[PDB]
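Asks: Mind having a look at this structure? Questions to follow.
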Amino acid sequence: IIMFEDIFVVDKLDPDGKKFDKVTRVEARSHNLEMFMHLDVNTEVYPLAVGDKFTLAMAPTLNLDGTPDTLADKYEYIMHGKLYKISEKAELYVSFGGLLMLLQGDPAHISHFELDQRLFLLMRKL
Amino acid sequence: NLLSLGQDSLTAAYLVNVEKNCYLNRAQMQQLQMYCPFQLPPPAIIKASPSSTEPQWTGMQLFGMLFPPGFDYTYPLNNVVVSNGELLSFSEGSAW
Amino acid sequence: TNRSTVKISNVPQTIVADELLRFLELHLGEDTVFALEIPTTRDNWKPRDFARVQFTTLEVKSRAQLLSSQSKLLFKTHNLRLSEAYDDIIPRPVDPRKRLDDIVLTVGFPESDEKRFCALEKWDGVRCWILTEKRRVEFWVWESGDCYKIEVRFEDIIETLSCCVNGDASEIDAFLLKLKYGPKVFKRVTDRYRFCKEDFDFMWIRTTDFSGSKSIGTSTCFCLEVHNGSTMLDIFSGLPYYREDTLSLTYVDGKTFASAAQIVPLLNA
Amino acid sequence: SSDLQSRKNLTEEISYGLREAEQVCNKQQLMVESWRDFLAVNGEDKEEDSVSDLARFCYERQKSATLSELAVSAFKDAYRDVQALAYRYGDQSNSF
Amino acid sequence: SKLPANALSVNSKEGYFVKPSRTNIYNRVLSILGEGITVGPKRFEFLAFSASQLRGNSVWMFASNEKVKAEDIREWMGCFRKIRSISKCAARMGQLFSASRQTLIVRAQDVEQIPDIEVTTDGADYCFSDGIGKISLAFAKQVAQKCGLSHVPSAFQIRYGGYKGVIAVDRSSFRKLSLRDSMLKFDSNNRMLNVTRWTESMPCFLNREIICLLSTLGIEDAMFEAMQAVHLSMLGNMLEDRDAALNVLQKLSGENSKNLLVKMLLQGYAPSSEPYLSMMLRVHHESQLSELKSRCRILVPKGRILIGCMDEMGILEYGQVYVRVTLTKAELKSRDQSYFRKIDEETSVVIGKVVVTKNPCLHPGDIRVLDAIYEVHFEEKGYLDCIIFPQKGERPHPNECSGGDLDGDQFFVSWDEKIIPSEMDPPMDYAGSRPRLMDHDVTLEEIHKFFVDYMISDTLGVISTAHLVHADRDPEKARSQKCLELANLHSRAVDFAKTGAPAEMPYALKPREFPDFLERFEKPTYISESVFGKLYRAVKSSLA
């Protein structure tokens, strides 16, 4: 059910602020896959410091074996969005209700993603 | 166009689309849905915290219930992309 | 690890140098910051987004790097990021032992075939800094108020000798520096974002010989009269072509050889 | 301002910016045919006279109209940077 | 070493505008030049400085004596009060200091005043005759006897009595000597004849700028790679093979040169024996590889470096020239070629496409493809070791070659056929800056000021490096406005020695980065992926 799953380590923060009361864009590089990721995360409700390691997973549906549109107990930062731009080392542009995500990796790593489809975002900081 | 949003609706739309850090819960979103003519979008925010239930709605989806499903809008200057009646991206400028 | 200056990535635009200095002294040790400079786009009212800070000891620099790597530095809801710098704010050696203050400097040449040395002009209370990274030695000489900088590189010297002035062969109270080329001569000329811990708000320009008798231009050797140092030999061993032998000298009154003309090193007709 | 120290820093910055703008206006006032000998790349001993005469520049500006136009244009060009400080010293929650 | 720009006239912002402040070294140099240097019972005075010494911070000093003083020599060289320009006066006073061979003396009774030719098109003054001249056969025979020259060249650089320029031979001469108009630099009290260079038919070389400017017309990287590969292959085989040693010595330095090593190369023992010659060959190979590592120098046997002149015929049109050179070992081994005409046993004519290039070149428009033609009338005059330029045309050939003159300067010629002549670009303008004329005579002080100020703002050596770096970094080199600005600044800097106009190198155009093929180890090094980077990688692989 999970299409892409890898451990990511953050590199730097765009605002670099602890109490800016603003959405923070993070830059995390994939391990053993060499993939760069942009993601807008809320630090106040989900703290993320530099050097932390977190897993990431993407699935079309949260149900087991079908029923598109019970993985909630495993992860803690579930999101929902759609992929609108696929043109690039291919990269993906997924917006979770205005929160842009840029997953830039290799053409072979990302090949089973269609255009204008709904996908989730499973995250856990170990 | 002859008619604009006004002096208050403009500021309210700016505050809705700029903050991006205040999430509206189910009750407030359903209360605000009474005025909007279109239906309710998916929450897009299932879990914002490990111990946070009651999945919430983002602020930019609230402004997305003001466009027809067939209406598509693109504004390269402010990086505003509206596809299938949903606001996808917005950075700053408030020029559109 | 070659230098001691650390470049801070992001700092608030509303802060001053004093606030950052106080924050650093609060988190780190007391008075462990030597120089703090915030670049300004305008003259005095538009600082940039980054700043460069110089630490006194490399241990303090390592501790600051460790704190920044753990994101433990938070100054006005800003996470300070520390990175290496290109050049030092002030060319000052990190080792306090190399810094020699209030020493006697004299010039001369091997006038006699025997173990004799002649003194032309003697300066007291000069400052000597040994820069291993820059491969040069600086001499600060104060003369008639304005100070002058004498720069000697490692290629300028050809052989390092140690001598004594008290007259004891066991003790080492002097050092000979045979010069192949001439030393560079500089001159000192005449605030809100620059602390610098001292009066370093000036510039260095190259000048000619400042001596009235022009002893520097006619001297091919330099002598450093310093107190006996147990570990001074280890510091002086870093100079290229060092001889591990003990030599003694005597002072010869050579004040007669003084030319007031522009062409100094020529003989009198 | 967040506190009193920020207010003092902003006041000092505004004062220095106004002084710099006045200096820029005084420099721009010299772009006339009367100072062609001084603006040339040569040796002039009257460099200190153009700087020490600070109270005469305002009197000369208030008498001429073209000089006044040049001065106001230079002042606006140098004061745009001063106005740009509000985004640095202003928080995101500021209503203005 | 050279005095840095920060040691003299450091800048400081005082007042509304920035004004340079002279350091104590500036005053020291001025005092040394004025008072002079005293060594024992002598006192040296400033006489003059040559063009080469101005670029090397050198100056001549002569000790005044009771017989002849410095002023006596200065007035004996000539009267320089007619020149009202500071730089021009110094250049004319120092031009008469080159090495030369003494010849016979000719009085001032037999000299001609042949009128010149000028054409003004598009509102631009284009002069064909800048330093050209005319010589007879008897004069050549008389001047070639004291120098031990067997063959009579058709052109040789000469300067005498303040005049300077190259002269060409002709078979319709009236008397021994003739003179033109645009050759008098200054009036002199003597007319001693002397010759510096007659003819040098050395093989051509490909410098860095040639490849840099020829890498945009359509020339690929495989050609230069293969040429470098064959060059290194023939260099490595020169050690154990004596056949290649003579062929290299006869095609690298000197077409016809007699030497002890050259004679023994054709007939000698094994390379293992004769250590005196084997070690010389080894050190020559080491010098060649070091020179290749320092700079690009491609040995091309189908091209020479020779000066050019003009003939009073007027038959050649704009785009028609004549190419003739001697025959080397490669040309003599196989003279059957389409673009090579065997007019004589020693001299062979060329009918191929030949381009003209100098050493300093920073503009894409310098490449002017010229078609060489063969005419019996031109061959009847007997021109050798000199390319022929047409008299009539829109613009003279030296003007398109970075705005040069016919002052005996060398020209790169090559009868190559694999080049791409399709693309043609107009040359840059050759109009210099306005001359600066003074209202009073020179009091020997402003010349010292100019000499000292020449060290300050002397950016002649950094412009070429910046241009090379910018060409290697940004693709489509020599097409953007940055390259044009660099070329204009280079022209203005090379005009500094003639007219007192500083180059004014901007700060934003500094490279701040250097490729691998440079000796700046302290400066940051970046891996270049241009043709020069490929050539340097090939050289590194061959040496390792």
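Naming works like this for the structure tokens: A, B, ... for the chains as they're shown, residue 1 at the start of each chain, ligands 1 onward in shown order.
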Within 12 Å of chain D, which residues of chain E show up when using only C-alpha atoms, listed as a ChimeraX atom specification?

Replies: /E:14-20

Asks: Let me see the file: selected residues, N, CA and C atoms, as a PDB file, in the first residue's frame.

Replies:
ATOM      1  N   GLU E  14      37.547  60.946   0.878  1.00  0.00           N
ATOM      2  CA  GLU E  14      37.601  62.223   1.585  1.00  0.00           C
ATOM      3  C   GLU E  14      36.694  63.205   0.856  1.00  0.00           C
ATOM      4  N   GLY E  15      35.620  63.626   1.517  1.00  0.00           N
ATOM      5  CA  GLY E  15      34.672  64.536   0.907  1.00  0.00           C
ATOM      6  C   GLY E  15      33.565  63.818   0.168  1.00  0.00           C
ATOM      7  N   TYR E  16      32.990  64.475  -0.842  1.00  0.00           N
ATOM      8  CA  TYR E  16      31.913  63.863  -1.610  1.00  0.00           C
ATOM      9  C   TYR E  16      32.423  62.789  -2.563  1.00  0.00           C
ATOM     10  N   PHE E  17      33.614  62.972  -3.126  1.00  0.00           N
ATOM     11  CA  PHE E  17      34.186  62.029  -4.073  1.00  0.00           C
ATOM     12  C   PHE E  17      35.453  61.410  -3.496  1.00  0.00           C
ATOM     13  N   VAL E  18      35.807  60.242  -4.022  1.00  0.00           N
ATOM     14  CA  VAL E  18      37.012  59.544  -3.592  1.00  0.00           C
ATOM     15  C   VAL E  18      38.222  60.174  -4.268  1.00  0.00           C
ATOM     16  N   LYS E  19      39.317  60.306  -3.514  1.00  0.00           N
ATOM     17  CA  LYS E  19      40.544  60.894  -4.031  1.00  0.00           C
ATOM     18  C   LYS E  19      41.717  60.028  -3.586  1.00  0.00           C
ATOM     19  N   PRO E  20      42.566  59.586  -4.511  1.00  0.00           N
ATOM     20  CA  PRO E  20      43.733  58.790  -4.117  1.00  0.00           C
ATOM     21  C   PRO E  20      44.712  59.606  -3.288  1.00  0.00           C
TER      22      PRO E  20
END

Asks: Within 12 Å of residue D:18, counting only C-alpha atoms, which residues show up once you throw out same-chain ones fewer than 3 positions away? Write them as a PDB file with N, CA and C atoms, in the first residue's frame, please.

Replies:
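Contents of the output file selection_38.pdb:
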ATOM      1  N   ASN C  44      26.500  53.511   8.414  1.00  0.00           N
ATOM      2  CA  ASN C  44      26.367  53.171   9.824  1.00  0.00           C
ATOM      3  C   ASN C  44      24.940  52.824  10.244  1.00  0.00           C
ATOM      4  N   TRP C  45      24.016  52.588   9.305  1.00  0.00           N
ATOM      5  CA  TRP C  45      22.628  52.399   9.711  1.00  0.00           C
ATOM      6  C   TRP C  45      21.913  51.270   8.971  1.00  0.00           C
TER       7      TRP C  45
ATOM      8  N   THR D  11      15.318  54.373  16.518  1.00  0.00           N
ATOM      9  CA  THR D  11      15.470  55.826  16.522  1.00  0.00           C
ATOM     10  C   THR D  11      16.850  56.234  16.020  1.00  0.00           C
ATOM     11  N   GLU D  12      17.895  55.553  16.497  1.00  0.00           N
ATOM     12  CA  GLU D  12      19.245  55.854  16.029  1.00  0.00           C
ATOM     13  C   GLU D  12      19.383  55.581  14.537  1.00  0.00           C
ATOM     14  N   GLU D  13      18.818  54.466  14.069  1.00  0.00           N
ATOM     15  CA  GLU D  13      18.889  54.131  12.652  1.00  0.00           C
ATOM     16  C   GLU D  13      18.167  55.169  11.803  1.00  0.00           C
ATOM     17  N   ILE D  14      17.007  55.640  12.265  1.00  0.00           N
ATOM     18  CA  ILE D  14      16.268  56.667  11.535  1.00  0.00           C
ATOM     19  C   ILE D  14      17.063  57.964  11.487  1.00  0.00           C
ATOM     20  N   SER D  15      17.680  58.346  12.608  1.00  0.00           N
ATOM     21  CA  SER D  15      18.482  59.567  12.628  1.00  0.00           C
ATOM     22  C   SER D  15      19.647  59.474  11.648  1.00  0.00           C
ATOM     23  N   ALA D  21      20.592  60.857   4.060  1.00  0.00           N
ATOM     24  CA  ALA D  21      19.773  61.430   2.994  1.00  0.00           C
ATOM     25  C   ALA D  21      20.082  62.907   2.794  1.00  0.00           C
ATOM     26  N   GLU D  22      20.275  63.645   3.890  1.00  0.00           N
ATOM     27  CA  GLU D  22      20.654  65.051   3.776  1.00  0.00           C
ATOM     28  C   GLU D  22      22.011  65.196   3.095  1.00  0.00           C
ATOM     29  N   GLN D  23      22.961  64.324   3.438  1.00  0.00           N
ATOM     30  CA  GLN D  23      24.265  64.357   2.781  1.00  0.00           C
ATOM     31  C   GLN D  23      24.140  64.059   1.290  1.00  0.00           C
ATOM     32  N   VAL D  24      23.285  63.099   0.931  1.00  0.00           N
ATOM     33  CA  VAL D  24      23.067  62.773  -0.477  1.00  0.00           C
ATOM     34  C   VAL D  24      22.467  63.963  -1.215  1.00  0.00           C
ATOM     35  N   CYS D  25      21.502  64.644  -0.591  1.00  0.00           N
ATOM     36  CA  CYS D  25      20.917  65.828  -1.216  1.00  0.00           C
ATOM     37  C   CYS D  25      21.957  66.926  -1.405  1.00  0.00           C
ATOM     38  N   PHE D  75      16.090  63.249  -2.200  1.00  0.00           N
ATOM     39  CA  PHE D  75      15.587  62.904  -0.878  1.00  0.00           C
ATOM     40  C   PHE D  75      14.630  61.723  -0.943  1.00  0.00           C
ATOM     41  N   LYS D  76      13.752  61.689  -1.947  1.00  0.00           N
ATOM     42  CA  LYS D  76      12.872  60.534  -2.108  1.00  0.00           C
ATOM     43  C   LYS D  76      13.671  59.272  -2.414  1.00  0.00           C
ATOM     44  N   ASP D  77      14.674  59.385  -3.292  1.00  0.00           N
ATOM     45  CA  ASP D  77      15.478  58.218  -3.644  1.00  0.00           C
ATOM     46  C   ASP D  77      16.246  57.678  -2.444  1.00  0.00           C
ATOM     47  N   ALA D  78      16.727  58.559  -1.567  1.00  0.00           N
ATOM     48  CA  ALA D  78      17.444  58.127  -0.374  1.00  0.00           C
ATOM     49  C   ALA D  78      16.521  57.748   0.776  1.00  0.00           C
ATOM     50  N   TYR D  79      15.269  58.198   0.751  1.00  0.00           N
ATOM     51  CA  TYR D  79      14.306  57.911   1.802  1.00  0.00           C
ATOM     52  C   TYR D  79      13.491  56.657   1.531  1.00  0.00           C
ATOM     53  N   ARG D  80      13.510  56.144   0.299  1.00  0.00           N
ATOM     54  CA  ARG D  80      12.910  54.833   0.058  1.00  0.00           C
ATOM     55  C   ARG D  80      13.579  53.761   0.913  1.00  0.00           C
ATOM     56  N   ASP D  81      14.910  53.805   1.016  1.00  0.00           N
ATOM     57  CA  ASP D  81      15.620  52.853   1.868  1.00  0.00           C
ATOM     58  C   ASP D  81      15.231  53.022   3.331  1.00  0.00           C
ATOM     59  N   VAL D  82      15.024  54.266   3.769  1.00  0.00           N
ATOM     60  CA  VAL D  82      14.602  54.509   5.145  1.00  0.00           C
ATOM     61  C   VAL D  82      13.213  53.930   5.387  1.00  0.00           C
ATOM     62  N   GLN D  83      12.300  54.121   4.433  1.00  0.00           N
ATOM     63  CA  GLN D  83      10.964  53.546   4.555  1.00  0.00           C
ATOM     64  C   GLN D  83      11.002  52.025   4.531  1.00  0.00           C
TER      65      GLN D  83
END

Asks: Could you state the separation of atom CA of residue C:120 and atom CA of residue C:255 in Å, given to one decimal place?

Replies: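 Straight-line distance from atom CA of residue C:120 to atom CA of residue C:255 works out to 5.3 Å.
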
Asks: If we count only C-alpha atoms and set the cut-off at 10 Å, which residues sit around stretch 189-193 of chain E, ignoring sequence neighbours fewer than 2 positions away in its own chain? Please answer as a PyMOL selection string.

Replies: chain E and resi 75-79+100-108+143+158-163+187+195

Asks: Grab the residues selected above and save them as a PDB file, in the first residue's frame with N, CA, C and O atoms.

Replies:
ATOM      1  N   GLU E  75      69.816  66.039 -26.190  1.00  0.00           N
ATOM      2  CA  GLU E  75      69.707  66.905 -27.357  1.00  0.00           C
ATOM      3  C   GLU E  75      70.402  66.325 -28.583  1.00  0.00           C
ATOM      4  O   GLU E  75      70.066  66.709 -29.708  1.00  0.00           O
ATOM      5  N   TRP E  76      71.356  65.410 -28.392  1.00  0.00           N
ATOM      6  CA  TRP E  76      71.984  64.744 -29.527  1.00  0.00           C
ATOM      7  C   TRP E  76      71.050  63.725 -30.162  1.00  0.00           C
ATOM      8  O   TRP E  76      71.081  63.534 -31.383  1.00  0.00           O
ATOM      9  N   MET E  77      70.221  63.058 -29.355  1.00  0.00           N
ATOM     10  CA  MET E  77      69.249  62.123 -29.911  1.00  0.00           C
ATOM     11  C   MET E  77      68.239  62.841 -30.798  1.00  0.00           C
ATOM     12  O   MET E  77      67.862  62.333 -31.861  1.00  0.00           O
ATOM     13  N   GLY E  78      67.791  64.015 -30.382  1.00  0.00           N
ATOM     14  CA  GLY E  78      66.852  64.783 -31.171  1.00  0.00           C
ATOM     15  C   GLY E  78      66.199  65.860 -30.335  1.00  0.00           C
ATOM     16  O   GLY E  78      66.413  65.964 -29.127  1.00  0.00           O
ATOM     17  N   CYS E  79      65.389  66.668 -31.016  1.00  0.00           N
ATOM     18  CA  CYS E  79      64.642  67.753 -30.386  1.00  0.00           C
ATOM     19  C   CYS E  79      63.223  67.263 -30.120  1.00  0.00           C
ATOM     20  O   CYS E  79      62.459  67.012 -31.058  1.00  0.00           O
ATOM     21  N   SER E 100      70.507  46.641 -32.293  1.00  0.00           N
ATOM     22  CA  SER E 100      70.587  46.748 -33.742  1.00  0.00           C
ATOM     23  C   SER E 100      72.024  46.524 -34.188  1.00  0.00           C
ATOM     24  O   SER E 100      72.963  46.588 -33.390  1.00  0.00           O
ATOM     25  N   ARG E 101      72.182  46.257 -35.482  1.00  0.00           N
ATOM     26  CA  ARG E 101      73.487  46.033 -36.090  1.00  0.00           C
ATOM     27  C   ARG E 101      73.903  47.268 -36.880  1.00  0.00           C
ATOM     28  O   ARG E 101      73.113  47.805 -37.663  1.00  0.00           O
ATOM     29  N   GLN E 102      75.140  47.711 -36.671  1.00  0.00           N
ATOM     30  CA  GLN E 102      75.623  48.926 -37.312  1.00  0.00           C
ATOM     31  C   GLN E 102      75.863  48.702 -38.800  1.00  0.00           C
ATOM     32  O   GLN E 102      76.385  47.664 -39.215  1.00  0.00           O
ATOM     33  N   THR E 103      75.477  49.693 -39.605  1.00  0.00           N
ATOM     34  CA  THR E 103      75.693  49.652 -41.047  1.00  0.00           C
ATOM     35  C   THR E 103      76.295  50.966 -41.533  1.00  0.00           C
ATOM     36  O   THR E 103      76.722  51.796 -40.724  1.00  0.00           O
ATOM     37  N   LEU E 104      76.336  51.159 -42.848  1.00  0.00           N
ATOM     38  CA  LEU E 104      76.934  52.353 -43.425  1.00  0.00           C
ATOM     39  C   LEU E 104      76.086  53.588 -43.119  1.00  0.00           C
ATOM     40  O   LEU E 104      74.940  53.502 -42.667  1.00  0.00           O
ATOM     41  N   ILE E 105      76.673  54.756 -43.374  1.00  0.00           N
ATOM     42  CA  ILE E 105      76.048  56.044 -43.095  1.00  0.00           C
ATOM     43  C   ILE E 105      75.586  56.658 -44.409  1.00  0.00           C
ATOM     44  O   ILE E 105      76.334  56.671 -45.395  1.00  0.00           O
ATOM     45  N   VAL E 106      74.357  57.167 -44.425  1.00  0.00           N
ATOM     46  CA  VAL E 106      73.770  57.800 -45.601  1.00  0.00           C
ATOM     47  C   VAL E 106      73.398  59.231 -45.240  1.00  0.00           C
ATOM     48  O   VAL E 106      72.759  59.471 -44.209  1.00  0.00           O
ATOM     49  N   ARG E 107      73.798  60.177 -46.088  1.00  0.00           N
ATOM     50  CA  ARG E 107      73.504  61.582 -45.858  1.00  0.00           C
ATOM     51  C   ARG E 107      72.032  61.874 -46.159  1.00  0.00           C
ATOM     52  O   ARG E 107      71.263  61.000 -46.570  1.00  0.00           O
ATOM     53  N   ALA E 108      71.639  63.132 -45.952  1.00  0.00           N
ATOM     54  CA  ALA E 108      70.252  63.563 -46.081  1.00  0.00           C
ATOM     55  C   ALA E 108      69.967  64.224 -47.424  1.00  0.00           C
ATOM     56  O   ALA E 108      69.084  65.084 -47.517  1.00  0.00           O
ATOM     57  N   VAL E 143      73.187  46.246 -47.411  1.00  0.00           N
ATOM     58  CA  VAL E 143      72.832  46.069 -46.007  1.00  0.00           C
ATOM     59  C   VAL E 143      72.931  44.612 -45.570  1.00  0.00           C
ATOM     60  O   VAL E 143      73.037  44.340 -44.368  1.00  0.00           O
ATOM     61  N   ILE E 158      63.270  48.178 -40.347  1.00  0.00           N
ATOM     62  CA  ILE E 158      64.370  49.129 -40.264  1.00  0.00           C
ATOM     63  C   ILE E 158      63.889  50.383 -39.546  1.00  0.00           C
ATOM     64  O   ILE E 158      62.705  50.735 -39.590  1.00  0.00           O
ATOM     65  N   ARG E 159      64.817  51.054 -38.866  1.00  0.00           N
ATOM     66  CA  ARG E 159      64.535  52.322 -38.207  1.00  0.00           C
ATOM     67  C   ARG E 159      65.799  53.165 -38.220  1.00  0.00           C
ATOM     68  O   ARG E 159      66.888  52.653 -37.940  1.00  0.00           O
ATOM     69  N   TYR E 160      65.657  54.446 -38.551  1.00  0.00           N
ATOM     70  CA  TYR E 160      66.808  55.332 -38.655  1.00  0.00           C
ATOM     71  C   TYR E 160      66.335  56.777 -38.635  1.00  0.00           C
ATOM     72  O   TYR E 160      65.320  57.112 -39.252  1.00  0.00           O
ATOM     73  N   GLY E 161      67.076  57.623 -37.922  1.00  0.00           N
ATOM     74  CA  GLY E 161      66.786  59.047 -37.899  1.00  0.00           C
ATOM     75  C   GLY E 161      65.421  59.399 -37.357  1.00  0.00           C
ATOM     76  O   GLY E 161      64.844  60.416 -37.755  1.00  0.00           O
ATOM     77  N   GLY E 162      64.883  58.582 -36.454  1.00  0.00           N
ATOM     78  CA  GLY E 162      63.558  58.783 -35.918  1.00  0.00           C
ATOM     79  C   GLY E 162      62.454  58.093 -36.689  1.00  0.00           C
ATOM     80  O   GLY E 162      61.357  57.912 -36.146  1.00  0.00           O
ATOM     81  N   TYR E 163      62.708  57.704 -37.934  1.00  0.00           N
ATOM     82  CA  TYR E 163      61.733  56.957 -38.712  1.00  0.00           C
ATOM     83  C   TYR E 163      61.687  55.508 -38.244  1.00  0.00           C
ATOM     84  O   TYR E 163      62.660  54.977 -37.699  1.00  0.00           O
ATOM     85  N   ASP E 187      62.384  64.940 -35.227  1.00  0.00           N
ATOM     86  CA  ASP E 187      63.561  65.389 -35.957  1.00  0.00           C
ATOM     87  C   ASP E 187      64.824  64.993 -35.203  1.00  0.00           C
ATOM     88  O   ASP E 187      64.908  65.156 -33.982  1.00  0.00           O
ATOM     89  N   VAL E 195      69.631  47.690 -38.552  1.00  0.00           N
ATOM     90  CA  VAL E 195      68.592  46.697 -38.795  1.00  0.00           C
ATOM     91  C   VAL E 195      68.509  45.763 -37.596  1.00  0.00           C
ATOM     92  O   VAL E 195      69.535  45.322 -37.068  1.00  0.00           O
TER      93      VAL E 195
END

Asks: Using DSSP on the backbone, list every residue of stretch 216-350 of chain E that comes out as alpha helix (DSSP H), and give them as a VMD selection string.

Replies: chain E and resid 221 to 236 242 to 252 260 to 266 275 to 294 329 to 333

Asks: List the spatial neighbours of residue A:62 as a list in words - criterion: any atom at most 12 Å away, only C-alpha atoms, same-chain residues fewer than 3 positions off excluded.

Replies: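 Skipping anything fewer than 3 positions along the chain leaves residues 1, 2, 57, 58, 59, 65, 66, 67, 68, 69, 70, 71, 72, 73, 74, 75, 78, 79, 80, 118, 119, 120, 121 and 122 of chain A; 46 of chain B.
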
Asks: Starting from chain C, keep only residues with some atom at most 9 Å from an atom of chain E, counting only C-alpha atoms, and report them as number ranges by chain.

Replies: C: 205-208, 262-263, 266-269

Asks: Among stretch 132-174 of chain C, which ones does DSSP place in strand (DSSP E), written as a PyMOL selection string?

Replies: chain C and resi 136-142+147-153+157-163+174

Asks: Restricting the output to N, CA, C and O atoms, write the selected residues as a short mmCIF file (atom, residue, chain, number, x, y, z; two decimals), in the first residue's frame.

Replies:
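The resulting file, out.cif, is reproduced below:
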data_model
loop_
_atom_site.label_atom_id
_atom_site.label_comp_id
_atom_site.auth_asym_id
_atom_site.auth_seq_id
_atom_site.Cartn_x
_atom_site.Cartn_y
_atom_site.Cartn_z
N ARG C 136 54.60 34.64 8.70
CA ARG C 136 55.19 35.96 8.83
C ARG C 136 55.27 36.33 10.30
O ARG C 136 54.54 35.80 11.14
N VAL C 137 56.17 37.27 10.61
CA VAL C 137 56.37 37.77 11.96
C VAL C 137 56.16 39.28 11.94
O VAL C 137 56.75 39.98 11.11
N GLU C 138 55.33 39.77 12.86
CA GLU C 138 55.00 41.18 12.94
C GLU C 138 55.71 41.81 14.13
O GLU C 138 55.79 41.22 15.21
N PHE C 139 56.23 43.02 13.93
CA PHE C 139 56.88 43.79 14.98
C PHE C 139 56.22 45.16 15.05
O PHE C 139 56.26 45.92 14.08
N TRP C 140 55.62 45.47 16.20
CA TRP C 140 54.97 46.76 16.42
C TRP C 140 55.92 47.65 17.20
O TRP C 140 56.23 47.37 18.36
N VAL C 141 56.39 48.72 16.56
CA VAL C 141 57.33 49.66 17.16
C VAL C 141 56.63 51.01 17.28
O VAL C 141 56.13 51.55 16.29
N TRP C 142 56.61 51.55 18.50
CA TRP C 142 56.03 52.86 18.76
C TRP C 142 57.14 53.91 18.73
O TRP C 142 58.11 53.81 19.49
N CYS C 147 52.58 54.36 15.77
CA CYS C 147 53.28 53.08 15.74
C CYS C 147 53.53 52.64 14.30
O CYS C 147 52.84 53.06 13.37
N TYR C 148 54.52 51.78 14.14
CA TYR C 148 54.90 51.24 12.84
C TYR C 148 54.96 49.73 12.91
O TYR C 148 55.32 49.15 13.94
N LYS C 149 54.61 49.08 11.80
CA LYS C 149 54.61 47.63 11.69
C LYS C 149 55.78 47.18 10.83
O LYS C 149 55.95 47.67 9.71
N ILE C 150 56.58 46.26 11.35
CA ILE C 150 57.68 45.65 10.61
C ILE C 150 57.30 44.20 10.34
O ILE C 150 57.09 43.42 11.27
N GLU C 151 57.21 43.85 9.06
CA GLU C 151 56.77 42.53 8.63
C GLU C 151 57.95 41.76 8.07
O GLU C 151 58.61 42.23 7.14
N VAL C 152 58.21 40.58 8.64
CA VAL C 152 59.27 39.69 8.17
C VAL C 152 58.65 38.33 7.90
O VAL C 152 58.04 37.73 8.79
N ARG C 153 58.81 37.84 6.67
CA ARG C 153 58.27 36.55 6.28
C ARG C 153 59.24 35.44 6.65
O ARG C 153 60.37 35.67 7.08
N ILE C 157 63.91 35.34 6.23
CA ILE C 157 65.00 34.85 7.07
C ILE C 157 65.67 33.67 6.39
O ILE C 157 65.06 32.95 5.58
N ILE C 158 66.94 33.46 6.71
CA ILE C 158 67.69 32.34 6.17
C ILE C 158 68.21 31.40 7.24
O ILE C 158 68.47 30.22 6.94
N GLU C 159 68.38 31.86 8.48
CA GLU C 159 68.91 31.03 9.55
C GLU C 159 68.61 31.70 10.88
O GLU C 159 68.80 32.91 11.03
N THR C 160 68.13 30.91 11.84
CA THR C 160 67.73 31.41 13.15
C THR C 160 68.78 31.03 14.18
O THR C 160 69.15 29.85 14.30
N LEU C 161 69.26 32.02 14.93
CA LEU C 161 70.26 31.81 15.97
C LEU C 161 69.76 32.37 17.29
O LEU C 161 69.01 33.35 17.32
N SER C 162 70.18 31.74 18.38
CA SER C 162 69.85 32.17 19.73
C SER C 162 71.12 32.62 20.44
O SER C 162 72.17 31.98 20.32
N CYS C 163 71.01 33.72 21.18
CA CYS C 163 72.15 34.29 21.89
C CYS C 163 71.71 34.67 23.30
O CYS C 163 70.59 34.35 23.72
N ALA C 174 68.71 36.16 23.93
CA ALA C 174 68.71 36.89 22.67
C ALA C 174 68.47 35.91 21.53
O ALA C 174 68.66 34.70 21.67
#

Asks: Within 12 Å of chain B, which residues of chain D are there when counting only C-alpha atoms? Please give them as a PyMOL selection string.

Replies: chain D and resi 92-96

Asks: Starting from chain B, keep only residues with some atom at most 10 Å from an atom of chain A, counting only C-alpha atoms, and report them as a PyMOL selection string.

Replies: chain B and resi 17-22+41-52+55+57-62+64+80-81+83+86-91

Asks: Give me the residues within 9 Å of residue E:127 as a PyMOL selection string, counting only C-alpha atoms and dropping any in the same chain fewer than 2 places off.

Replies: chain E and resi 116-120+125+129-130+395-396+399
